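Protein chains in written order, with PDB author numbering: chain I, 179 to 237; chain L, 68 to 128; chain K, 2 to 207; chain G, 1 to 263. Below is one structure, written out as structure tokens; the observations come after it.
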Amino acid sequence: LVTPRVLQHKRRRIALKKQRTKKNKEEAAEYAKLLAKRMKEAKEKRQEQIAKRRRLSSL
Amino acid sequence: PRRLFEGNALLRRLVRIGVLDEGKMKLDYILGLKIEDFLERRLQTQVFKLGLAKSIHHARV
Amino acid sequence: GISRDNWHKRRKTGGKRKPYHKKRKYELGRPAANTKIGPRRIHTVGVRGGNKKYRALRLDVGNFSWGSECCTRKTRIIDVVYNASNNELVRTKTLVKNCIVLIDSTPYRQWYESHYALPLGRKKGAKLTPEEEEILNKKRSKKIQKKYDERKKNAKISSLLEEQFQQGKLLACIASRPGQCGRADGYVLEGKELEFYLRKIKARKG
Amino acid sequence: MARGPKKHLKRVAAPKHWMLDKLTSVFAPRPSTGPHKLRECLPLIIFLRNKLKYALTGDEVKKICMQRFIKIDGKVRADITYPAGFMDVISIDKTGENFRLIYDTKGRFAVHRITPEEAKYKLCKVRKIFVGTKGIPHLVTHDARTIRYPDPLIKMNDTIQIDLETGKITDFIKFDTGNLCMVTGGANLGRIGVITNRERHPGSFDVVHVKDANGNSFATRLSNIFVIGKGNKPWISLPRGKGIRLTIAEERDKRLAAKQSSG
RNA sequence: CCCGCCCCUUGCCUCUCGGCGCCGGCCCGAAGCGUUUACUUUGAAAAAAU
RNA sequence: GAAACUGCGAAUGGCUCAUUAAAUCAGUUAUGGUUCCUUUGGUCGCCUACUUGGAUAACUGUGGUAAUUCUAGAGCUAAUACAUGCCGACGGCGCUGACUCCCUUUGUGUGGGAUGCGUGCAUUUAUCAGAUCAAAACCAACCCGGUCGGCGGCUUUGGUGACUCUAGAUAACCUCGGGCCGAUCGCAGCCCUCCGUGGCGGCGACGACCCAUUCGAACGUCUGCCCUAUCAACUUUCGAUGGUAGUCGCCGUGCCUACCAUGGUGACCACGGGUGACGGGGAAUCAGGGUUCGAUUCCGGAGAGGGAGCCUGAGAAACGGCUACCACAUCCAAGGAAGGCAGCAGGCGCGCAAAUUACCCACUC
Numbered sequence: 179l180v181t182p183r184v185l186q187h188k189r190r191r192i193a194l195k196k197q198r199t200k201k202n203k204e205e206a207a208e209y210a211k212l213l214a215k216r217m218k219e220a221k222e223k224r225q226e227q228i229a230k231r232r233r234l235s236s237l
Numbered sequence: 068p069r070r071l072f073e074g075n076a077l078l079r080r081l082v083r084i085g086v087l088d089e090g091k092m093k094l095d096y097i098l099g100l101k102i103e104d105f106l107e108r109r110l111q112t113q114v115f116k117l118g119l120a121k122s123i124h125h126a127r128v
Numbered sequence: 002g003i004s005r006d007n008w009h010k011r012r013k014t015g016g017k018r019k020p021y022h023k024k025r026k027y028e029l030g031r032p033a034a035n036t037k038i039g040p041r042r043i044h045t046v047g048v049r050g051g052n053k054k055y056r057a058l059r060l061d062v063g064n065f066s067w068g069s070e071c072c073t074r075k076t077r078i079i080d081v082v083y084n085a086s087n088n089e090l091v092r093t094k095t096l097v098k099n100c101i102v103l104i105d106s107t108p109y110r111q112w113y114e115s116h117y118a119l120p121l122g123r124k125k126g127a128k129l130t131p132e133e134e135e136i137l138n139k140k141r142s143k144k145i146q147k148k149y150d151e152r153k154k155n156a157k158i159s160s161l162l163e164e165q166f167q168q169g170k171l172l173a174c175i176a177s178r179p180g181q182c183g184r185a186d187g188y189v190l191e192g193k194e195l196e197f198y199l200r201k202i203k204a205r206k207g
Numbered sequence: 001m002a003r004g005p006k007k008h009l010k011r012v013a014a015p016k017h018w019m020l021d022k023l024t025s026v027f028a029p030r031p032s033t034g035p036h037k038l039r040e041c042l043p044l045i046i047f048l049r050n051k052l053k054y055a056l057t058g059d060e061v062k063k064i065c066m067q068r069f070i071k072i073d074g075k076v077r078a079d080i081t082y083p084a085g086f087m088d089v090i091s092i093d094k095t096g097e098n099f100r101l102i103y104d105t106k107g108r109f110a111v112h113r114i115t116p117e118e119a120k121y122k123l124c125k126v127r128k129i130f131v132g133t134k135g136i137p138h139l140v141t142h143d144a145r146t147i148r149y150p151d152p153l154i155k156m157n158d159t160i161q162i163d164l165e166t167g168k169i170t171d172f173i174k175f176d177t178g179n180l181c182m183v184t185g186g187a188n189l190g191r192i193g194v195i196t197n198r199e200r201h202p203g204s205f206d207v208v209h210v211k212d213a214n215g216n217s218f219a220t221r222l223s224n225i226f227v228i229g230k231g232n233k234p235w236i237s238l239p240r241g242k243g244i245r246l247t248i249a250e251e252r253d254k255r256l257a258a259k260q261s262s263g
């Protein structure tokens, strides 16, 4: 038999499920920002190789 | 390190009971120790020597 | 009951060793599945650490594949023909890993016809006329040429397959242990493998 | 007896650095299963009645834990044989005190009280990097926490500062020569010194030299090294003696020099 | 009885990638090892009680 | 709040030293060849849902046997026992292409497109990728800087000494009747185009899937052992050694089977026999070198009268679990029933030879 106490637990059951999905969103968002920032460094390595060839030649 | 640390603390203990002088205090003087010096430090001997008794036989009692 | 001990049997010098302990329960042995062809009968056996091992008796279907052109369809498993492990199993129609079996060969034709828009070898030209020519030519026209042209200058299909295809038989190789998995699965033969097992078959029997 | 796992632990095979006696009975506490290795643990009850002497019997410690004044890493634990180990913070909030578990120079877990400010984080070694499903990376630490989405430039034998409440590391060190290290395993224990050199072999272990600022060189296996902060710059408050480690001759000399054994 | 010198001196190079230099150019640490063992010397590594 | 269902444990401890000579065991190494209750940390949205289905115990009442912690028949009623199964959020992704639209007849350059099918993880199979070394010259089709003959500039998950690793892509498979994705419970609050509903929030408790971790477990490497030659050759289809494929098992492996090869070990002591031999940490004596002992408090192993088989469980070939034989021995209304002190005491017997049928969970766990 359903009482008010029962119904709260069923609302809280789904609130947590939704919250869990919301957290996996924000974490991956921030990680993508951070990941894409470094991959500066990737660019830098490529740049460095090109630069090295030119520099070596420079006489 | 074994010879230093051991010898120092050995000789310290021989000096602490006073069967050995600190005018000696070398490991060679350990071997100059003998039976009678121990027996002198016994309580019954020191009762007799520095307190009231009439014989050594009194002092033990 | 039946053991799997390593502490029975000799050592290198021909010496013997003797027990010191009774059989432990991490040494185990439960007799072979001996699965055949027939309707699915499965028994579930609980094993060590928990876990379930399905043992299948009387399989009839396996998911074979033709990975050259990457189609894999569910097909019936007709009979065993060659088993390199033992000869006796072939006579008694018993199925184990690395048998050579026969299949229906049906969905592969349907797949070919629909994708390359060209028929297979046929008995006669009146075979396809009532049905199987009304899906082999279609109202699309609208990729009569645009699609079909690259299917008209690729694909040969190998000879040794095609002569069998007409009979409705193809030679495939069981890959999976049925007694542990609970499933039969495999791949269909091609190339030099298919030449090899043909010769073994032809040597031994007709 | 070997039809399953054992549950008793004796006193006379107990890990020796908990400083137990032997005229109390046969058993000793036994660490229960948890994040730290059994040998490397200090069970809870040994900190609370065989060190600081709040309690006097084991039943008394159970009566403390039940009222939940104890925390470990900001969460509440309530066992009497919780297996806390190196780099955790205990927090009694009914005294306003915070402890840290760190190695003495004689290789045993000391009492190292600390500011509440320091007690909001701990130093965690990286041990494994593991790509899970759907291209997500992971860390794994010696306190066995799985922190998802680490930035990629952190490698193993590095160390990371973890915020007890939220995970999500604040800083990290990248393992190299000229970084300040503590020893955590091996026959050397609690010694502090800069890395100085490393050595690599193909399989079958490898070793890592260490040198301190008092001019002593010693070495230890790779997997007993732990980083504590940048070269000559600890990011933790260290217990007295500073990991230098004296010999016994010099240590004797100090006590008879101040002529002090009470105060 | 730690650097070097007569010919040798921790035998060589080759170099190339990531630091140190000095004024593009040049120099020297780390990388393969000295035919193999034993032997000897140092480290690492080891349950407690006794 | 007795009882009873349900959950968890009884696989720890305790005791003995019979078997056991490369076995056990000790030091050292390996799982990239594997399993793991539990803890800790992550993982937890492709005519019923205001909550689905029907029985069992205690209980009530009636009984049977010489006799048991036996059990029958009848009448009730539960669930985190037992058995079912929807909601929510799929605004996505891929492949067919009814077709349709624009410009160069076409081709091609183009843009859209209904109708369908597929579309989380776990499972099994197949296939693909898992890329970065050292530079240019012209001809054919071509982007951009830029032109009405071509010049300069691009394409790449993570990790180990090493993995057929990890993750990714594609095509399917599905354990059904035997993978997952909550019909569970206790503390304490709110807000309502508003009158107890519709909305939503805290603090817990419980359960479950996978990965990691902890506690281990199991196999494997190298080296180490008491006496005997009045024990010198032994081992093989009743597998001995190896090869190829399979079966079985948690996995590796002649562990097992088929087919095939003809090896393996030894005077550096094999093989066989003996042991008042459990192994080691140790103990007694001793100048140096040794000799003898180790049943017995720690660690490892083996076993519960002798043998064999097996249920339950994450874990047992369990014996204060079960089933049978053999050896013992008890009760009985003679029809049947029941048993295993090398657990603590205690008794008999054996002997040269060994304690109280005591008190108590306060300490230690």
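Where a beta carbon is used, it is the ideal one built from N, C-alpha and C, also for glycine.
By how many angstroms is the C-alpha of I79/K removed from the C-alpha of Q167/K?
Here residue 167/K corresponds to residue number 166 of the third sequence, with the count starting at 1. Here residue 79/K corresponds to residue number 78 of the third sequence, with the count starting at 1. Rounded to the nearest angstrom, the two C-alpha atoms are 16 Å apart.
Under the assumption that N99/K contacts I202/K (Cβ atoms under 8 Å), give the Cβ distance between them as a whole number of angstroms.
Taking the third sequence and counting its residues from 1, one reaches residue 99/K at position 98. Taking the third sequence and counting its residues from 1, one reaches residue 202/K at position 201. Actually they are not in contact, since the Cβ atoms of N99/K and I202/K sit about 15 Å apart, beyond 8 Å.
Tell me whether the stretch 133-142 of chain K and the stretch 89-107 of chain K touch, counting them as touching only if at least three CB pairs, one residue from each stretch, are closer than 8 Å.
Segments in contact, no.
With a cut-off of 8 Å on the beta carbons, I'd call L9/G and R30/G a contact; round off their distance for me.
As a working note, residue 9/G is residue 9 in the fourth sequence. As a working note, residue 30/G is residue 30 in the fourth sequence. Right, their Cβ atoms sit about 4 Å apart.
Specify the secondary structure class of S217/G as computed by DSSP and reduced to three states.
By 1-based counting over the fourth sequence, the position of residue 217/G is 217. Of the three classes helix, strand and coil, the one that applies to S217/G here is strand, per DSSP.
Taking its Cβ as the centre, do 16 or more other Cβ atoms sit within 10 Å of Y27/K, making it buried, or is it exposed?
As a position in the third sequence, residue 27/K is number 26, starting the count at 1. Exposed: under 16 other Cβ atoms inside 10 Å.
Could you say which of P108/K, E70/K and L172/K lies nearest to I158/K if we only look at CA atoms?
For this step, residue 158/K is matched to residue 157 along the third sequence. Considering only alpha carbons, the answer is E70/K.
Would you kindly work out how many angstroms separate the C-alpha atoms of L212/I and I38/K, rounded to a whole number?
Here residue 212/I refers to the residue found at position 34 when the first sequence is read from its first residue. Here residue 38/K refers to the residue found at position 37 when the third sequence is read from its first residue. Their backbone Cα atoms lie some 58 Å apart in a straight line.
Determine the burial state of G178/G: buried for a count of at least 16 other Cβ atoms within 10 Å of its Cβ, exposed for fewer.
For the purposes of this step, residue 178/G is identified with residue 178 of the fourth sequence, where counting begins at 1. So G178/G counts as exposed.
If we count the other Cβ atoms within 10 Å of its Cβ and call it buried at 16 or more, is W67/K buried or exposed?
For the purposes of this step, residue 67/K is identified with residue 66 of the third sequence, where counting begins at 1. Looking at its Cβ environment, which holds 16 or more other Cβ atoms inside 10 Å, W67/K is buried.
Which same chain residues, not among the five before or five after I225/G, have their C-beta less than 6 Å away from its C-beta?
For the purposes of this step, residue 225/G is taken as residue 225 along the fourth sequence, with counting starting at 1. Excluding positions up to five away in sequence, the list reads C181 and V208.
Using a 10 Å radius around the Cβ and a threshold of 16 neighbouring Cβ atoms, would you call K147/K buried or exposed?
Counting from one through the third sequence, the residue named residue 147/K turns up at place 146. Its Cβ having fewer than 16 others within 10 Å, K147/K is exposed.
Considering only the beta carbon of each residue, do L81/L and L87/L sit closer than 8 Å?
In the second sequence, residue 81/L corresponds to position 14, counting from 1. In the second sequence, residue 87/L corresponds to position 20, counting from 1. In contact: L81/L and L87/L (Cβ atoms closer than 8 Å).
Between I248/G and chain L, is there a C-beta pair that is closer than 8 Å?
Within the fourth sequence, numbered from 1, the residue matching residue 248/G stands at position 248. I248/G counts as touching chain L.
Consult DSSP for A13/G and reduce its assignment to one of helix, strand or coil.
To locate residue 13/G, count along the fourth sequence from 1; it is residue 13. The answer is coil: DSSP assigns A13/G none of H, G, I, E or B.
Please report the straight-line C-alpha distance between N64/K and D186/K, rounded to a whole angstrom.
Translated into positions along the third sequence, residue 64/K becomes position 63. Translated into positions along the third sequence, residue 186/K becomes position 185. Using only the alpha carbons, I get a separation of about 5 Å.
Here's the rule: buried if 16 or more other CB atoms are within 10 angstroms of the residue's CB, otherwise exposed. What is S204/G?
As a working mapping, residue 204/G is identified with position 204 in the fourth sequence. That one is exposed.
Give the residues from the stretch 146-166 of chain G that approach chain I closer than 8 Å (Cβ to any Cβ), ordered along the chain.
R148, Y149, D151, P152 and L153
Which of helix, strand or coil does DSSP assign to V82/L?
Start at 1 with the first residue of the second sequence, and residue 82/L comes out as number 15. DSSP places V82/L in helix when its eight states are reduced to three.
Please classify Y103/G: is it buried, with 16 or more other beta-carbons within 10 angstroms of its beta-carbon, or exposed?
Locating residue 103/G in the fourth sequence gives position 103, counting from the first residue. Classification for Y103/G: buried.
Quick check on the DSSP output: the beta strand (DSSP E) that includes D80/K runs from which residue to which?
Locating residue 80/K in the third sequence gives position 79, where the first residue counts as 1. Note, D80/K: beta strand (DSSP E), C72 to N84.
What is the DSSP secondary structure of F99/G, counted as helix, strand or coil?
On the fourth sequence, position 99 is the one that residue 99/G refers to. The three-state secondary structure of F99/G, taken from DSSP, is coil.
Is the stretch 120-128 of chain G close to the stretch 153-166 of chain G, with three or more CB pairs under 8 Å?
yes
For the stretch 200-216 of chain I, list every residue whose C-beta sits within 8 Å of some C-beta in chain G, in sequence order.
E205, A206, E208, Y209, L212, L213 and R216
Examine chain G for any beta-carbon lying closer than 8 Å to the beta-carbon of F105/L, and answer yes or no.
Here residue 105/L corresponds to residue number 38 of the second sequence, with the count starting at 1. Not an interface residue.
Using alpha carbons as the reference points, say which of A118/K, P179/K and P108/K lies closest to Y55/K.
One-based indexing of the third sequence puts residue 55/K at position 54. If we check each option's Cα against that of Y55/K, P179/K comes out closest.
Which residues does DSSP pair with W67/K in a beta bridge?
Within the third sequence, the letter at position 66 stands for residue 67/K. Beta-bridge pairing links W67/K to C72/K.
Assign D163/G to one of three DSSP states: helix, strand, or coil.
Translated into positions along the fourth sequence, residue 163/G becomes position 163. If DSSP states are grouped into helix, strand and coil, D163/G belongs with the strands.
From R31/K to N188/G, what does the alpha carbon distance come to, in whole angstroms?
Within the third sequence, residue 31/K is the residue found at index 30, counting from 1. Within the fourth sequence, residue 188/G is the residue found at index 188, counting from 1. Cα to Cα, the separation comes out at about 52 Å.
Tell me which same chain residues have a C-beta within less than 8 Å of the C-beta of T199/I, skipping the five on either side of it?
In the first sequence, the residue the question calls residue 199/I occupies position 21. Nothing meets the Cβ criterion.
Does the distance from the CB of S261/G to the CB of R252/G come in under 8 Å?
Position 261 of the fourth sequence holds residue 261/G. Position 252 of the fourth sequence holds residue 252/G. Not in contact: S261/G and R252/G (Cβ atoms no closer than 8 Å).
Rounded to a whole number of angstroms, what is the C-alpha to C-alpha distance between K7/G and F27/G?
The residue labelled residue 7/G in the question sits at position 7 within the fourth sequence. The residue labelled residue 27/G in the question sits at position 27 within the fourth sequence. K7/G and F27/G have their C-alpha atoms some 11 Å from each other.
Determine contact between the stretch 38-56 of chain G and the stretch 70-83 of chain G, defined as no fewer than three beta-carbon pairs at a distance below 8 Å.
yes
Tell me where the alpha helix (DSSP H) around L162/K begins and ends.
Here residue 162/K corresponds to residue number 161 of the third sequence, with the count starting at 1. Looking at the DSSP string, the run of the alpha helix (DSSP H) that includes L162/K is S160 to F166.
Buried or exposed: where does residue 209/K fall if 16 or more other Cβ atoms within 10 Å of its Cβ makes it buried?
Residue 209/K lies beyond the residue range present for chain K, which begins at 2 and ends at 207; the question has no answer from this structure.
Which residues mark the beginning and the end of the alpha helix (DSSP H) in which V91/K is found?
By 1-based counting over the third sequence, the position of residue 91/K is 90. First-last of the alpha helix (DSSP H) with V91/K: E89 to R92.
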